[PDB]
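The chain below stands alone and is given in structure tokens; this is the form solved without adenosine monophosphate (AMP).
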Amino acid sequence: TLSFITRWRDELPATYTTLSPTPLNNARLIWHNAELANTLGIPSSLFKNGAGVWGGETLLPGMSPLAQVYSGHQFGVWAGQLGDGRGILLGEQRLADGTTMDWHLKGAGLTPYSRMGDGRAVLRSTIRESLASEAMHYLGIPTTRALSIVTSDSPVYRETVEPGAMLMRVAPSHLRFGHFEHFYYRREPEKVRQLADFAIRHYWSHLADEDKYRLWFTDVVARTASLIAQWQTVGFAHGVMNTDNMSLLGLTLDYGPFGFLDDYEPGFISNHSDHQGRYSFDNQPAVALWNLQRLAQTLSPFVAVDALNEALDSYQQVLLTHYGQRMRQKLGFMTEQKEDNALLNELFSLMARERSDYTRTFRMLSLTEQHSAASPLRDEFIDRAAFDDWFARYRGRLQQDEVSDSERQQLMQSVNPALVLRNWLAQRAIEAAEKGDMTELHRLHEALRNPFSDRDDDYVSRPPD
């Protein structure tokens, strides 16, 4: 029932190494994405009889596993050759609708690109990635998806000793900006052009059959700008916005030291190793443009310097358009005024002063009735005078929309999540998981499928501090 093709292997030779996964000791499934497997046509047969393909212990017919090579700038510095060091592309699944999905197995063992590591993933990494990628998907933000998590008795040495794990990642492509950078700086511009032709052929098929490259790169800019805009509106900090972590398709790619904002803190740094705050939450719009600028440099051998700078200059416009329009929904501004950003900056500066909870503030603000000063937010601000002064002037704008309380409260409640993957919720699932209890991991996953539905439990509370 499952059909795999070898498109990367046969159409981009010398961009990978063929190899097989190396299993772990007594690997067992601890979670799988039943909804996603149904989307992909995977029989529940495959999730029973042992770890199977999800443990790197079997290959399905058509799979030809390989580890891709790439490079990239890490923290603004050319890090040289990187590549698939902790994962293996098992193959590319062809779906009945004609589309293709990568099956990338994190922690499948050593590769030529494993660098100083061991090629292994640990249980906490796999669970945090599965929780965050799924949370992002149900928030509507493009992302890789998690299909399965396998744990084992193989110990891996990091800060502690951790159980080796493996996660099956699904995405339409794992093309990164660093794929292009890798062959540019090796002075192989024809392999840069082959990557572009490959990417347009299979993922921008409507173009490329006369200015195909300008149109394509312009859309890559738009899709990255649109992605960063969505990160900002929900309060997601990636943590490692290196050029090898930037998806060419515009997906949230690689989940490591990420963090959804608990306290509103514009300069929040989620990566403990990000000493200079390069990937701080407020720096993400600027860092993405810099990453797009690295990518355009690799395309210069075959796309005019004129068109590249034009597509690069559209980044600010596409970002602010997407950001402004979504922030307007989060604020309930059913119409548009030149004004609306000043109210938002007011609210943002008060929140940063009080360290208010980002998600809860916007969720409570969605209970707003334009003609009443009453609000559950009055108890959440120490400076109640400041909030009351912002609220009636803010409600002053709402009354200019000429729209029902019922109509505005419905729109806001469909864009302001009641629920985000907070760090402590993941840690609680992790701790239970490490002791053999997966009921918390399954429960949190279930909640993150309905993030716009209000709850009575601690999944919507502020962290315990």
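Heads up: residue numbers just count along the shown sequence, starting at 1.
One more form of this protein, deposited with adenosine monophosphate (AMP) bound, exists but is not displayed; see below.
Transferred by C-alpha superposition from where it sits in the deposited bound form, adenosine monophosphate (AMP) keeps all its atoms beyond 2.4 Å of the backbone and C-beta atoms, leaving the site open. Comment: adenosine monophosphate (AMP) is not present in this chain, but in the deposited bound form one of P189, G324, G85, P285 has a heavy atom within 4.5 Å of it, namely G85. The contact residue chosen from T368, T233, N242, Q93 relative to adenosine monophosphate (AMP) in the deposited bound form is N242, the criterion being a non-hydrogen atom within 4.5 angstroms. For the chain shown alone, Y70 is a contact residue for adenosine monophosphate (AMP) in the deposited bound form, at least one non-hydrogen atom being within 4.5 angstroms. Remark: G259 does not count among the residues lining adenosine monophosphate (AMP) in the deposited bound form, judged by a heavy atom distance of 4.5 Å or less. Contact annotation for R193: none of its heavy atoms lies within 4.5 Å of adenosine monophosphate (AMP) in the deposited bound form. In the deposited bound form, none of the heavy atoms of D219 sits within 4.5 Å of a heavy atom of adenosine monophosphate (AMP). Note on the interface: of 94-102, 336-344, 76-84, 302-310, the segment with non-hydrogen atoms within 4.5 angstroms of adenosine monophosphate (AMP) in the deposited bound form is 76-84. Shown here without adenosine monophosphate (AMP), the chain has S114, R115, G117, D118, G119, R120 in 112-144 lying with a heavy atom within 4.5 Å of that partner in the deposited bound form.
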